[PDB]
Amino acid sequence: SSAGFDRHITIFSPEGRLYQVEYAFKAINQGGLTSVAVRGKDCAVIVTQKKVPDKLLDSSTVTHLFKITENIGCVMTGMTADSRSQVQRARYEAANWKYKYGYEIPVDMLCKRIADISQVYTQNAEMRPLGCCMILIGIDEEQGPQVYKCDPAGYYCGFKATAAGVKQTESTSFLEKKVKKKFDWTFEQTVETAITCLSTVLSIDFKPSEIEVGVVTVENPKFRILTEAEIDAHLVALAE
Amino acid sequence: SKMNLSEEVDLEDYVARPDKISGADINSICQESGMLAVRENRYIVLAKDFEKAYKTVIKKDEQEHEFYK
Amino acid sequence: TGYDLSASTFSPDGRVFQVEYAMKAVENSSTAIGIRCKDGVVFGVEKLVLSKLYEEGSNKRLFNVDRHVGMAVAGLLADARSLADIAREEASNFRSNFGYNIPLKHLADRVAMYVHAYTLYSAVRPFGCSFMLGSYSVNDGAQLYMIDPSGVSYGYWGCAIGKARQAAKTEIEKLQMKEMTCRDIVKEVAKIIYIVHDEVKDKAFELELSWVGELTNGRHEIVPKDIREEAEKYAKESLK
Amino acid sequence: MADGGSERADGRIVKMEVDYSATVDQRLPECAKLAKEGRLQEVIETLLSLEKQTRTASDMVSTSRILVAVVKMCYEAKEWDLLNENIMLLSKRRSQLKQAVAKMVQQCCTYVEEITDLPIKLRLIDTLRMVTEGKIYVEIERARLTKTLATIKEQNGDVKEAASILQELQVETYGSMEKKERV
Amino acid sequence: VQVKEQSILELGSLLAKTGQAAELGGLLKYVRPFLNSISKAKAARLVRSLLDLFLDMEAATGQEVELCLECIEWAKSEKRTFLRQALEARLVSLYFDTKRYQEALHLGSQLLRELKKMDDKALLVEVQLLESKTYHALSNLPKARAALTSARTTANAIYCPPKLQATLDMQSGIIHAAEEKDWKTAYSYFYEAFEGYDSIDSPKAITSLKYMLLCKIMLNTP
Amino acid sequence: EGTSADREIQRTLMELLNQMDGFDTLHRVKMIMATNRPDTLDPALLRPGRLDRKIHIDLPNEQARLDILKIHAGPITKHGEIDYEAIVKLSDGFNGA
Amino acid sequence: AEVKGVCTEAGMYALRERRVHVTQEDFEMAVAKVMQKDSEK
Amino acid sequence: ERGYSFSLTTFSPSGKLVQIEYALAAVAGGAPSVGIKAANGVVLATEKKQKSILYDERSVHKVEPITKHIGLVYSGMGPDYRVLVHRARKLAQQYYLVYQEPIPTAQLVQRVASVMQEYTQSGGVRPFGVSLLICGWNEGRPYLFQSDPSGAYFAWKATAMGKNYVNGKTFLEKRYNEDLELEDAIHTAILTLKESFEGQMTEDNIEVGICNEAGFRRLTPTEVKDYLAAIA
Amino acid sequence: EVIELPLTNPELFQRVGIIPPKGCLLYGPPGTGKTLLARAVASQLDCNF
Ligand SMILES: Nc1ncnc2c1ncn2[C@@H]1O[C@H](COP(=O)(O)OP(=O)(O)OP(=O)(O)O)[C@@H](O)[C@H]1O
Ligand SMILES: [Mg+2]
């Protein structure tokens with residue numbers, strides 16, 4: 001199934017597939033964390049788990065949520081330094097678009113440009129194709145909320161509910177079963193479903209000090225991060 | 001044709017699924033649904049039993065990287 | 001065979017091997033410990049004397065990046081000095097461009113990005129150093145950060161880098177640093193140094209200590225001679 | 001979680017008797033959540049059975065706005081489908097479902113209840129849909145017999161009564177009824 | 001715009017349900033100047049949905065042949081080959097029910113040449129079967145036998161005739177019994193037609209059952 | 001295209017495959033099998049009708065780890081105060097062994 | 001080889017109706033089935 | 001940084017370029033696509049299918065308009081399409097700037113083929129893994145063209161590309177002619193694309209674009225849903 | 001659920017209209033407690049083994 005250096009660089013194997021991109025998808029799961037993004041009627045939420053193994057570490061600087069722009073929110077999965085570089089690149093691109101064209105950049109154009117940048121690595125053979133994922137959420141006029149996903153292969157798509165990490169398949173199946181019912185979603189309902197999907201996939205019944213929640217809604221499009229008190233209130237409301 | 005399948009069971013749903021199941025595991029689906037209905041101390045099989053049994057038996061994840069095409 | 005000869009190839013399991021070898025090379029340093037007090041940061045390094053010929057104070061492993069920033073090093077020496085030079089240049093450029101002293105949360109990010117830039121291409125090699133940055137400011141408090149060859153920078157309350165990292169952090173844990181001022185913590189650093197590195201490994205060693213905080217009024221500098229001597233005098237009672 | 005909580009129920013039984021029906025809102029869950037708990041083998045069973053059966057007194061005894069007379073809600077709808085049979089996460093079954101509404105507390109009442117026809121059929125229909133499961137089957141059949149004998153006694157539409165009775169009985173497979181009764 | 005089309009469809013369905021035939025013809029004749037104001041696909045689907053329902057309602061023999069002919073004319077004017085081919089098949093099927101000899105024959109002969117050169121083969125076996133039926137109804141055994149033979153031979157290359165299989169089996173059994181060669185074969189064909197036509201289309205299963213019972217009677221096995 | 005002295009094991013294998021779910025039905029007989037890597041098993045042996053149920057025994061969870069610790073650390077002659085939370089947090093990816 | 005296959009399979013159609021002679025309808029059915037069924041694989 | 005600057009495609013002892021064959025074998029496993037030209041315009045049809053119900057079907061499009069009267073569809077790899085689309089648009093704009101006239105389809109096809117050829121000889125670069133179908137209508141007569149990873153291009157009358165394309169070509173052989181209409185062309189395109197569809201053919205699983213003497217345009221979901229009726 | 005209940009109360013499955021399974025296998029990472037579970041089952045059941 002190999003002929004030459006098709007196992008070592010990005011060239012076509014005799015069967016028509018190149019393995020160096022499939023290896024990054026396995027490299028994504030090295031971290032061991034799972035994140036979910038849900039879209040509602042007039043809001044969008046991101047939920048992620050975070051673990052601090054020891055008390056020596058400073059727990060205030062292990063966040064996996066980043067703020068690219070005052071209206072656009074993001075979350076990463078996989079390697080850390082690659083995600084940091086990608087976030088830096090995204091911030092630069094958003095600032096450049098705003099300066100050059102005089103109005104805020106739509107989320108879909110940003111995701112398309114990020115995928116276009118990340119597609120070159122699988123074309124030239126002198127570089128490694130940045131094995132980390134990308135999830136973006138935002139609000140946009142005339143369309144409402146939007147959630148977008150981008151993967152290292154140079155591919156992107158818009159969604160209504162997404163999960164990325166080690167437990168992608170089970171959470172995807174749960175979200176599909178839930179969304180087939182076609183029930184109208186509100187703020188509390190979206191947050192509750194987002195929390196319960198992770199809770200039932202992991203079977204942990206976690207405390208309010210090991211999750212991160214980010215929200216956006218049509219009353220103040222500013223991206224904001226929930227505090228611990230609000231998370232505790234949501235958790236106690238969830239369990240009757 | 002031998003077990004109960006009272007009134008609200010839809011079989012055209014499960015036939016429509018792809019993934020080429022063989023002939024020796026459809027019997028396994030029916031057997032597992034019957035066992036699951038036995039567990040609940042009930043002698044009538046419902047649709048949830050078929051749903052759970054079909055979800056459990058097949059167990060194929062994706063193997064289908066989406067940038068093939 | 002042949003999946004670990006380049007830094008631009010993914011193994012079938014999905015991980016780069018060269019950075020792991022760099023970490024293994026880093027794992028043969030002596031020791032470097034950094035603890036943040038209520039009003040500053042304290043560094044401590046134990047240095048091995050190879051022979052009597054070398055003059056006292058050679059191979060200094062405790063640099064001065066800026067007027068208010070320290071640095072502690074473990075690993076190779078040449079790469080450490082190169083990183084120190086690039087950090088100095090970046091801090092000078094930031095000061096000249098804007099007009100005020102650079103915060104740690106930005107300098108650490110810049111240095112981490114520069115380090116990570118080398119683990120993508122096949123025309124260079126990963127670095128072989130792991131280092132710690134510390135500082136104090138009046139409007140920001142005390143700051144400590146740790147960076148490794150991979151390019152991952154975290155904040156900490158107390159860290160140890162080198163050979164016996166675990167045997168040192170297991171003793172840092174018993175210490176309670178959240179309250180007591182760092183006028184006596186030098187004694188604890190000395191005591192924690194002398195309780196490591198059994199005499200079978202090497203014949204003798206020397207101690208090096210740093211100082212930065214409100215006591216020094218921002219500036220980072222070496223501890224006074226008398227205070228260090230009292231520190232060894234107190235730490236020598238481990239024989240009981 | 002047995003006696004002591006029941007002490008409470010026996011304390012507030014006078015309040016239930018004196019006050020009105022909506023107060024059930026505060027006494028339905030206090031035992032129900034206890035049925036959620038179920039840490040001990042026999043306490044949870046006593047509490048759940050007692051509460052479920054006790055709702056019978058309010059039904060029928062307080063005939064107005066109850067099954068005996070104006071069953072607009074109460075036992076017909078509020079406490080039949082929703083009491084425990086449909087869902088309460090998991091209902092313990094065994095003593096609580098057998099000794100409660102399913103058995104004498106309602107079947108006996110039906111014998112000594114309406115005497116009139118019009119809602120006797122609806123009481124029968126509701127108390128028949130709940131027991132369409134399994135490992136009860138010595139309560140659904142009697143009610144089916146009652147319905148058929150009543151329908152034959154008055155209207156005398158034999159074709160329909162025979163049709164309904166025929167499909168109902170598969171008693172060779174029931175396996176719990178005494179032989180002289182199944183024969 | 002779309003409200004008018006929805007109202008037209010609802011009115012056609014209501015007229016079909018009520019049990020009136022003149023109203024459907026009047027609506028079909030009235031909606032001609034409205035057709036050439038909408039998209040081609042919408043007009044074609046509307047014409048199909050009205051004509052098929054009116055034809056398949058029941059047998060009110062006074063308002064079908066001319067309507068099918070005018071639909072054929074409209075389709076030919078609009079240059080829609082597939083629609084007019086389907087309508088020609090429907091019309092040649094209709095001519096048999098009106099007991100006409102040559103108008104139901106030369107039309108099929110014309111349609112066969114066009115059908116042979118194109119992809120369609122199921123429509124070809126249907127037309128062959130209809131030709132065999134009309135030759136049989138005019139007391140000509142050899143020609144009906146030849147048409148049935150051609151239909152059977154050209155029906156083995158199709159992946160599946162899901163329902164035409166039963167009709168083909170029934171016609172083959174009828175033709176075989178007409179020559180009283182052997183009754184076991186006719187009985188087997190009738191049984192196969194009954195089995196393959198069961199629980200899908202009720203109206204024509206009882207006749208197959210009746211024919212099978214007659215055949216079994218003829219074997220002196222009551 | 002295998003080697004000799006190896007097709008005998010295959011012969012035993014198909015004999016076993018015929019003994020269970022073969023031409024003659026078994027009654028009141030059940031079988032249990034265990035292996036810690038099922039990749040190499042024959043596709044015919046894993047077919048439903050022979051091995052109907054596949055059971056997974058994954059690594060313990062935090063609650064499972066605490067349960068195993070309480071089971072095994074009991075009988076020892078302990079003294080003082082013990083805190084299982086740190087032990088549970090530190091031991092990740094462990095086994096009962 | 002498929003000419004021989006058509007010849008040897010046309011007789012099965014005569015057998016299927018319990019006959020003693022072969023007519024060309026069997027030949028046509030045989031050739032149609034053989035040519036069509038060889039398309040797959 | 002710096003590249004490699006040595007060719008990654010070399011001649012085999014039998015005189016064959018192996019990488020081109022591998023790229024073609026990768027193209028042959030893509031999504032099916034069909035293109036038909038009949039006497040009034042051109043029709044491009046393709047079959048798209050989402051893995052589950054979470055995907056949004058109104059986010060990305062298979063059919064893209066290069067300019068007012070040229071359209072283009074692909075078959076093969078996903079990401080490799082977008083850069084080609086962008087390059088084609090840029091080339092068209094350049095021609096419009098130079099000559100103040102809309103670019104003919106043949107010139108655009110020649111430029112795209114030259115780019116695809118130039119991209120398989122430089123240093124340290126693998127060939128493209130997609131194939132293109134281009135349709136246009138300039139100066140009365142319509143035009144349909146097909147590109148190739150090796151850089152060659154041909155002019156067709158009815159083409160099936162992607163997975164199971166030989167049977168599609170056989171089907172188009174026995175139905176196509178030189179005297180039809182746009183509507184019958186759409187009908188036969190849908191019929192021949194139905195040979196590989198799933199159990200159901202929903203409107204959301206088909207992308208259809210038509211170019212006539214009024215300009216290229218992608219059909220709205222309502223029109224495609226209507227067209228799907230009265231067929232099959 | 002496989003080896004205990006059907007061997008003692010076999011009329012339930014006949015009442016429902018199915019047949020209980022025959023065998024099963026256990027898999028996972030090494031040292032997760034498979035042979036221990038088998039030993040417990042064998043040591044706490046009154047049947048030929
Ligand atoms: N859940 C558990 N509770 C208590 N002890 C356990 C548990 N799981 C495993 N063990 C320990 O595992 C030890 C031996 O495990 P066992 O023989 O079952 O291994 P295994 O999982 O079958 O692995 P393998 O056969 O692949 O070597 C026992 O002595 C016991 O202490
Ligand atoms: Mg073992």
# chains A, B, ... in the order shown; residues from 1 in each chain; ligands from 1
call {"tool": "residues_near_ligand", "arguments": {"ligand": "ligand 1", "cutoff": "6 Å", "atoms": "only C-alpha atoms and all ligand atoms", "output": "list in words"}}
result
residues 36, 68, 96 and 97 of chain F; 30, 31, 32, 33, 34, 35 and 36 of chain I
call {"tool": "residues_around", "arguments": {"residues": "residue 51 of chain F", "least_positions_apart": "6", "cutoff": "7 Å", "atoms": "only C-alpha atoms", "output": "list in words"}}
result
residues 23, 24 and 25 of chain I
call {"tool": "write_last_selection", "arguments": {"atoms": "N, CA and C atoms", "output": "short mmCIF file (atom, residue, chain, number, x, y, z; two decimals), in the first residue's frame"}}
result
data_model
loop_
_atom_site.label_atom_id
_atom_site.label_comp_id
_atom_site.auth_asym_id
_atom_site.auth_seq_id
_atom_site.Cartn_x
_atom_site.Cartn_y
_atom_site.Cartn_z
N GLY I 23 -23.40 -17.98 24.06
CA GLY I 23 -22.09 -17.63 24.55
C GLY I 23 -21.83 -16.14 24.47
N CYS I 24 -20.70 -15.74 25.05
CA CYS I 24 -20.27 -14.34 25.07
C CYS I 24 -18.77 -14.31 25.31
N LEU I 25 -18.16 -13.18 24.98
CA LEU I 25 -16.74 -12.99 25.25
C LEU I 25 -16.49 -11.63 25.88
#
call {"tool": "closest_atom_pairs", "arguments": {"of": "chain H", "to": "chain C", "cutoff": "12 Å", "atoms": "only C-alpha atoms", "output": "Markdown table"}}
result
| residue | atom | partner | partner_atom | distance |
| --- | --- | --- | --- | --- |
| H:1 | CA | C:121 | CA | 8.9 |
| H:2 | CA | C:123 | CA | 8.8 |
| H:3 | CA | C:123 | CA | 9.7 |
| H:4 | CA | C:123 | CA | 10.4 |
call {"tool": "select_by_dssp", "arguments": {"residues": "segment 12-214 of chain H", "states": "strand (DSSP E)", "output": "JSON, numbers by chain"}}
result
{"H": [33, 34, 35, 36, 37, 41, 42, 43, 44, 45, 46, 47, 64, 65, 66, 67, 70, 71, 72, 73, 74, 75, 76, 130, 131, 132, 133, 134, 135, 136, 137, 138, 141, 142, 143, 144, 145, 146, 154, 155, 158, 159, 160, 161, 206, 207, 208, 209, 210, 211, 212]}
call {"tool": "atom_distance", "arguments": {"atom1": "atom CA of residue 18 of chain A", "atom2": "atom CA of residue 63 of chain H"}}
result
26.0 Å
call {"tool": "closest_residue", "arguments": {"among": "D:159, D:124, D:68, D:135", "to": "chain I", "atoms": "only C-alpha atoms"}}
result
D:135
call {"tool": "residues_around", "arguments": {"residues": "residue 150 of chain A", "least_positions_apart": "6", "cutoff": "7 Å", "atoms": "only C-alpha atoms", "output": "VMD selection string"}}
result
chain A and resid 115 133 to 135 156 to 157
call {"tool": "write_last_selection", "arguments": {"atoms": "N, CA, C and O atoms", "output": "compact mmCIF listing (two decimals), in the first residue's frame"}}
result
# COMPACT_ATOMS: atom_id res chain seq x y z
N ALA A 115 -9.13 28.23 6.57
CA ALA A 115 -8.99 26.96 5.86
C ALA A 115 -8.10 27.10 4.63
O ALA A 115 -7.30 26.21 4.32
N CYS A 133 -7.69 21.37 15.84
CA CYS A 133 -9.03 21.67 15.36
C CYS A 133 -9.39 23.13 15.65
O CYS A 133 -8.65 23.87 16.29
N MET A 134 -10.57 23.55 15.17
CA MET A 134 -11.00 24.94 15.33
C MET A 134 -12.52 24.99 15.37
O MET A 134 -13.16 24.48 14.44
N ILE A 135 -13.09 25.60 16.40
CA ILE A 135 -14.54 25.81 16.46
C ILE A 135 -14.80 27.28 16.73
O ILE A 135 -14.26 27.84 17.69
N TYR A 156 -13.85 23.01 6.16
CA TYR A 156 -14.68 23.75 7.09
C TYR A 156 -16.14 23.56 6.73
O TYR A 156 -16.47 23.24 5.58
N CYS A 157 -17.00 23.77 7.72
CA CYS A 157 -18.44 23.66 7.47
C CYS A 157 -19.21 24.32 8.60
O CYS A 157 -18.75 24.38 9.74
call {"tool": "residues_around", "arguments": {"residues": "residue 69 of chain D", "least_positions_apart": "2", "cutoff": "10 Å", "atoms": "only C-alpha atoms", "output": "mmCIF file with N, CA and C atoms, in the first residue's frame"}}
result
data_model
loop_
_atom_site.group_PDB
_atom_site.id
_atom_site.type_symbol
_atom_site.label_atom_id
_atom_site.label_comp_id
_atom_site.auth_asym_id
_atom_site.auth_seq_id
_atom_site.Cartn_x
_atom_site.Cartn_y
_atom_site.Cartn_z
ATOM 1 N N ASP D 59 -59.777 10.864 46.156
ATOM 2 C CA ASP D 59 -60.628 10.461 45.054
ATOM 3 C C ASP D 59 -61.823 9.740 45.665
ATOM 4 N N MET D 60 -62.981 9.821 45.026
ATOM 5 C CA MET D 60 -64.083 9.004 45.530
ATOM 6 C C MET D 60 -64.621 9.436 46.896
ATOM 7 N N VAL D 61 -63.787 9.493 47.948
ATOM 8 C CA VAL D 61 -64.320 9.960 49.227
ATOM 9 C C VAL D 61 -64.718 11.423 49.113
ATOM 10 N N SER D 62 -63.882 12.226 48.471
ATOM 11 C CA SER D 62 -64.213 13.612 48.166
ATOM 12 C C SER D 62 -64.752 13.614 46.739
ATOM 13 N N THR D 63 -65.936 13.002 46.594
ATOM 14 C CA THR D 63 -66.486 12.696 45.273
ATOM 15 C C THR D 63 -66.465 13.899 44.342
ATOM 16 N N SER D 64 -66.756 15.093 44.852
ATOM 17 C CA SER D 64 -66.801 16.241 43.960
ATOM 18 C C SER D 64 -65.405 16.410 43.378
ATOM 19 N N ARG D 65 -65.320 16.671 42.070
ATOM 20 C CA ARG D 65 -64.023 16.912 41.433
ATOM 21 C C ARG D 65 -63.093 15.722 41.682
ATOM 22 N N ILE D 66 -63.671 14.520 41.662
ATOM 23 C CA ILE D 66 -62.961 13.265 41.885
ATOM 24 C C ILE D 66 -63.666 12.169 41.096
ATOM 25 N N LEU D 67 -63.023 10.999 41.033
ATOM 26 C CA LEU D 67 -63.489 9.929 40.156
ATOM 27 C C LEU D 67 -64.926 9.498 40.437
ATOM 28 N N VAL D 71 -65.416 13.342 37.823
ATOM 29 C CA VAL D 71 -64.021 13.073 37.499
ATOM 30 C C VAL D 71 -63.538 13.819 36.267
ATOM 31 N N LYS D 72 -63.616 15.152 36.296
ATOM 32 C CA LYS D 72 -63.048 15.919 35.194
ATOM 33 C C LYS D 72 -61.552 15.655 35.124
ATOM 34 N N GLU D 113 -69.041 1.933 42.825
ATOM 35 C CA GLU D 113 -68.948 3.349 42.480
ATOM 36 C C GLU D 113 -70.170 3.926 41.784
ATOM 37 N N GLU D 114 -69.986 4.271 40.511
ATOM 38 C CA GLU D 114 -70.975 5.043 39.769
ATOM 39 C C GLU D 114 -72.333 4.357 39.728
ATOM 40 N N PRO D 119 -69.951 7.492 32.610
ATOM 41 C CA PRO D 119 -68.508 7.471 32.897
ATOM 42 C C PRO D 119 -67.937 6.165 33.438
#
call {"tool": "select_by_dssp", "arguments": {"residues": "chain B", "states": "alpha helix (DSSP H)", "output": "VMD selection string"}}
result
chain B and resid 12 to 15 26 to 39 47 to 58
call {"tool": "write_last_selection", "arguments": {"atoms": "N, CA and C atoms", "output": "short mmCIF file (atom, residue, chain, number, x, y, z; two decimals), in the first residue's frame"}}
result
data_model
loop_
_atom_site.label_atom_id
_atom_site.label_comp_id
_atom_site.auth_asym_id
_atom_site.auth_seq_id
_atom_site.Cartn_x
_atom_site.Cartn_y
_atom_site.Cartn_z
N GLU B 12 -40.28 -0.44 8.56
CA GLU B 12 -39.74 0.22 7.38
C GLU B 12 -38.66 1.23 7.74
N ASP B 13 -38.60 1.65 9.00
CA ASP B 13 -37.53 2.53 9.44
C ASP B 13 -36.19 1.82 9.41
N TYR B 14 -36.12 0.63 10.02
CA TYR B 14 -34.84 -0.05 10.16
C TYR B 14 -34.37 -0.65 8.84
N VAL B 15 -35.30 -0.98 7.94
CA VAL B 15 -34.90 -1.50 6.64
C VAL B 15 -34.20 -0.42 5.83
N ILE B 26 -29.76 -9.94 12.06
CA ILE B 26 -31.15 -9.50 12.21
C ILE B 26 -31.85 -10.32 13.28
N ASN B 27 -31.64 -11.64 13.25
CA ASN B 27 -32.11 -12.49 14.34
C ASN B 27 -31.53 -12.03 15.67
N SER B 28 -30.28 -11.57 15.67
CA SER B 28 -29.69 -11.05 16.90
C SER B 28 -30.40 -9.78 17.36
N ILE B 29 -30.80 -8.92 16.42
CA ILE B 29 -31.55 -7.72 16.78
C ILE B 29 -32.87 -8.10 17.45
N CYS B 30 -33.61 -9.02 16.83
CA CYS B 30 -34.89 -9.44 17.39
C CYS B 30 -34.71 -10.09 18.76
N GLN B 31 -33.69 -10.94 18.89
CA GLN B 31 -33.42 -11.62 20.15
C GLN B 31 -33.07 -10.62 21.25
N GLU B 32 -32.23 -9.63 20.92
CA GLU B 32 -31.84 -8.64 21.92
C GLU B 32 -33.02 -7.77 22.34
N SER B 33 -33.88 -7.40 21.39
CA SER B 33 -35.06 -6.63 21.75
C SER B 33 -35.99 -7.44 22.65
N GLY B 34 -36.17 -8.72 22.34
CA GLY B 34 -36.98 -9.57 23.20
C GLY B 34 -36.40 -9.69 24.60
N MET B 35 -35.08 -9.86 24.69
CA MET B 35 -34.43 -9.93 26.00
C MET B 35 -34.60 -8.63 26.78
N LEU B 36 -34.47 -7.50 26.09
CA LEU B 36 -34.61 -6.21 26.75
C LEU B 36 -36.03 -6.02 27.26
N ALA B 37 -37.03 -6.47 26.49
CA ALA B 37 -38.41 -6.41 26.97
C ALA B 37 -38.63 -7.37 28.13
N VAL B 38 -37.93 -8.50 28.14
CA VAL B 38 -38.01 -9.42 29.28
C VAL B 38 -37.48 -8.76 30.54
N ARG B 39 -36.38 -8.02 30.42
CA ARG B 39 -35.76 -7.40 31.59
C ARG B 39 -36.74 -6.48 32.32
N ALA B 47 -41.36 -0.14 20.49
CA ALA B 47 -40.42 0.39 19.50
C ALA B 47 -39.09 0.78 20.13
N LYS B 48 -39.10 1.27 21.37
CA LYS B 48 -37.86 1.63 22.04
C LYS B 48 -36.92 0.44 22.15
N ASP B 49 -37.47 -0.77 22.28
CA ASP B 49 -36.64 -1.97 22.34
C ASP B 49 -35.88 -2.16 21.04
N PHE B 50 -36.57 -2.05 19.91
CA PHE B 50 -35.88 -2.14 18.62
C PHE B 50 -34.86 -1.03 18.45
N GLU B 51 -35.20 0.19 18.87
CA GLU B 51 -34.25 1.29 18.74
C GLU B 51 -32.96 1.00 19.51
N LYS B 52 -33.09 0.61 20.78
CA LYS B 52 -31.92 0.33 21.60
C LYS B 52 -31.14 -0.87 21.06
N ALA B 53 -31.83 -1.93 20.66
CA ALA B 53 -31.15 -3.11 20.15
C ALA B 53 -30.39 -2.80 18.86
N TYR B 54 -31.01 -2.05 17.95
CA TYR B 54 -30.34 -1.70 16.71
C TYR B 54 -29.13 -0.81 16.96
N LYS B 55 -29.26 0.15 17.89
CA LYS B 55 -28.12 0.98 18.22
C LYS B 55 -26.98 0.16 18.82
N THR B 56 -27.32 -0.84 19.63
CA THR B 56 -26.29 -1.63 20.31
C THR B 56 -25.60 -2.61 19.36
N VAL B 57 -26.37 -3.27 18.50
CA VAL B 57 -25.83 -4.40 17.74
C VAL B 57 -24.84 -3.94 16.68
N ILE B 58 -25.18 -2.87 15.95
CA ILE B 58 -24.44 -2.55 14.73
C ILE B 58 -23.02 -2.10 15.06
#
call {"tool": "interface_residues", "arguments": {"of": "chain D", "to": "chain I", "cutoff": "12 Å", "atoms": "only C-alpha atoms", "output": "ChimeraX atom specification"}}
result
/D:134-135,170-175
call {"tool": "atom_distance", "arguments": {"atom1": "atom CA of residue 96 of chain H", "atom2": "atom CA of residue 109 of chain A"}}
result
25.5 Å
call {"tool": "residues_around", "arguments": {"residues": "residue 66 of chain C", "least_positions_apart": "6", "cutoff": "9 Å", "atoms": "only C-alpha atoms", "output": "PyMOL selection string"}}
result
chain C and resi 87-88+91-92+219-220
call {"tool": "residues_around", "arguments": {"residues": "residue 61 of chain B", "least_positions_apart": "4", "cutoff": "12 Å", "atoms": "only C-alpha atoms", "output": "JSON, numbers by chain"}}
result
{"A": [167, 168, 169, 170, 172, 173], "B": [19, 55, 56, 65], "H": [51]}
